[PDB]
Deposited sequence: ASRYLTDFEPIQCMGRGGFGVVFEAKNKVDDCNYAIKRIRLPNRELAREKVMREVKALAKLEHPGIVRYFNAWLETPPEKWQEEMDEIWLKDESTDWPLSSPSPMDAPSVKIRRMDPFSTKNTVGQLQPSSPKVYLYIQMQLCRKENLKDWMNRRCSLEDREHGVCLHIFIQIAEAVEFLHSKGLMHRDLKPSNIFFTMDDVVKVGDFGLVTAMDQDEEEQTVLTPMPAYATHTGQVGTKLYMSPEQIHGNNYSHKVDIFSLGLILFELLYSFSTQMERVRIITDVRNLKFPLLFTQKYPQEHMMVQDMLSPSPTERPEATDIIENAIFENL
């Protein structure tokens, strides 16, 4: 008997990191969770790598980090028939139910400057930074940081929440090809890299937060140039300090990119 259905009533699908996620209600505690389900790879090395996410989420407690509840495995007969309605190992991981629309959706709903309040943009950035600071302090790397992996709770609390590519460090060879725009140059050409990769993508997000995009074609165009340190005049002008901060975060030399705690300590961050 399938544990997922035994303990939960699926309420609605909600999309895709690698696998699929549903809103499901727990039959005994009677409230709603997000159930990420991953079709598991073979030969127990690829699996162990997929397992990293649950190993990390269970030892992570931070107000800017998605609340973990449970993780189990299922080896069912003919889920295939069951799925089309909604050697076959599935990883179920039970999360806190966040808001439906993530940061990427939040930004699409705000395509002009006047929507993107300077105060709010920093407030939601800092929480990500703090979360990354914690994540780094416990010797871990996200290596996938993009608005679509940042979420909001019902209390409007920003939480970074897709650790499908989380891994550990040492005194800071890893895997090379590991998200399009947000991937750091080190990974791009194939090199030895560090947690400093998270600071790179963190920089891009801060630009994205402050610079409102209109089309995916525009978005790609400007983001590509911002990676090469070419900045729109409208950004260079009204956000000079942020512009200084971002370019530091975006330098091709990993050691020149600030530490997470450095970025948080910056004057720019004020008061509620």
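In this entry, the deposited residues absent from the coordinate set span 17, 88 to 131, 218 to 231, 238.
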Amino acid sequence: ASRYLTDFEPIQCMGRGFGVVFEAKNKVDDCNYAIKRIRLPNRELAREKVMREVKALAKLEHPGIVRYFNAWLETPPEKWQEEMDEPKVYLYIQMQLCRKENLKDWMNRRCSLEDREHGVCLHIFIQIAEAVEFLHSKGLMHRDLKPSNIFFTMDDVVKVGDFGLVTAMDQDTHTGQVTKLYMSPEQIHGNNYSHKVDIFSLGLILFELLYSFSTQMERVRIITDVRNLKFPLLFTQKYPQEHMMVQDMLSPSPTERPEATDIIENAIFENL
From here on, numbers count along this sequence of modelled residues.
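In this entry, 38 to 46 has the higher mean Cα B-factor, the comparison being between 64 to 72 and 38 to 46.
Higher mean CA temperature factor between 130 to 138 and 185 to 193: 185 to 193, per the PDB entry. Residue 94: CA B factor in the lowest third of modelled residues in this chain (values from the PDB entry). Residue 112: CA B factor lies in the middle third for its chain, per the PDB record. In the PDB entry, residue 169 places in the highest third of its chain by CA B-factor. Ranked by C-alpha B-factor against the other modelled residues of its chain, residue 125 falls in the lowest third. Annotation for residue 198: C-alpha temperature factor in the middle third relative to the rest of the modelled chain, per the entry.
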